[PDB]
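We begin with a single chain expressed as C-alpha cells, specifically the form deposited in one PDB entry.
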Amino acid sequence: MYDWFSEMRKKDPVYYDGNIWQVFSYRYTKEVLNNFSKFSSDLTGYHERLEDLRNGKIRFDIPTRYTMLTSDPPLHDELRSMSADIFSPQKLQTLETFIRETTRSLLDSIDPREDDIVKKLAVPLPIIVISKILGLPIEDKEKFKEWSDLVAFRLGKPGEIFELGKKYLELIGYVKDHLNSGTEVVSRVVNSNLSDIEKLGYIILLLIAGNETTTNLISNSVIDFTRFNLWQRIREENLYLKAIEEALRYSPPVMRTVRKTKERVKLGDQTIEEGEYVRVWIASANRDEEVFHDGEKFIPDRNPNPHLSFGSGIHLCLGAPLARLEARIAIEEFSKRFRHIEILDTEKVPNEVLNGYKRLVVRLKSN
C-alpha cells in the first residue's frame, strides 16, 4: 500500500478514477477534513430524515446511520456538545488507576510460554474501560466483541445498506435494557430531544465504536516497536508518549475516511463537481515527505507529530485522549513486566479501512 501511496503523492495527489476521487497528500487531505462546508460528512441520510425521526414517523432503522460522525453543523455541535467533555483531563486522571490496575490484571493472565496478546490484552482493555466510563455492563464478553466488530465494519462503509441482523438486534436490545444504569453522559443523551433511534445510535458510537480502533493501536504499537527493535530505547529514554504517536502516524488504525462534495470545489490542480465522494487516505498523508522528513522511517522520538490518524477539524476524534491514555498504559506496563518478546504468529484483520491484528501470538521472558 505504501509504495502505491508514494507514487500517487508524487504524480496524482488528488486522483479521479471515474467513480470517486482519492486524495493522498497531507496538504489536501488536511484541507478536505477541515473544510466541512464543502466536503460534507452527511453520507448516511441523517440530515434528510432528521425531521421524520424527530416527529416519530420513522420507527425502525439503523441506529449508526444517525451519529455525530455523519452529521454537518449545526446538527453536529448540537450532538457533540452533549459529550464534548466526556474524556476531560480531570476525569481521565482519576481513571489512570483503574486502567493501570486493569492492564496489570490482564497481563497476569498471559502465559509467557506462548499466548495471544490481542486476545488477552489488546481486545479486553478498551472494552473494560469504556464499560466502566459509561456504566453499561460487560456480561457476555463474546457478544461485546461481536458488536465491536460489526459496528466498526458498518462505520467503514457509510451509505451502504445493511439490514439489522440478529447480532445488531441483540446490541440494540442490550442498550435499551441498560440505559438506566448509564452514567452522566449517557443520561444526558437519554434525556435529550433526540429521537429514540438517535439516542441508540449515539450510545452505540460512544460504547462500541472506539473498541476495535484502540485495540488496533495497541496491537500496531507492539508490532512496530518489535519490528524495529525499539523497546529498549523506549524504556530507557522514556519515549512512550512520542513512540505511540509515531505508531499512530506509521500504522494508523483508521487508514482513511470519507467526504462528499456539496458544490463544485477546487482541490489542488483538480476541480471536483458536486455530489462526488472523496476518499481521504489518512495513512498516505501521514507519510507525506513535505511534512514528515524521512517519512517512511519510524522515528520513535519524532516531534512534533501532526499525523491525521484522529482526523482533523470539527470531527477530530472525541476519544483521542482516552485512546492515547489506554495505549500508553498498556505499552508502559507491558514493557515492564516482560523482559523480551518473540512473535510466533500473526493474523491481520481483513479490512480496507481498519488496520490491525486479529491475532498476535508471542513468547515472552519475565522480570
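Residues that one form lacks are left out of the comparison. One rule holds for the numbers: they count along the sequence shown, beginning at 1. Heads up, when I say rigid core I mean the largest set of C-alphas that superpose within 1.5 Å between the two forms.
Same protein, other form: the form deposited in another entry, not shown, and the subject of what follows.
- For the set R154, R235, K119, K262, a Cα shift of at least 2 angstroms between this form and the one not shown, after rigid core superposition, holds for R154 and for no other residue.
- For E184, a C-alpha deviation below 2 angstroms is recorded between this form and the one not shown after rigid-core alignment.
- Fitting the two forms on the rigid core leaves the C-alpha of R104 displaced by under 2 angstroms between this form and the one not shown.
- With a cut-off of 2 Å and the rigid core superposed, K297 has a Cα displacement that falls short of the cut-off between this form and the one not shown.
- CA of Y28 to CA of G156: farther apart by 3 Å or more in the other entry than in the shown form.
- Put simply, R154 and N351 come closer in the other entry: their C-alpha atoms are 3 Å or more nearer than in the form shown.
- Once the rigid core is aligned, the segments that move between this form and the one not shown, defined as three or more consecutive common residues whose C-alpha shifts all reach 2 Å, run 138 to 142, 150 to 164.
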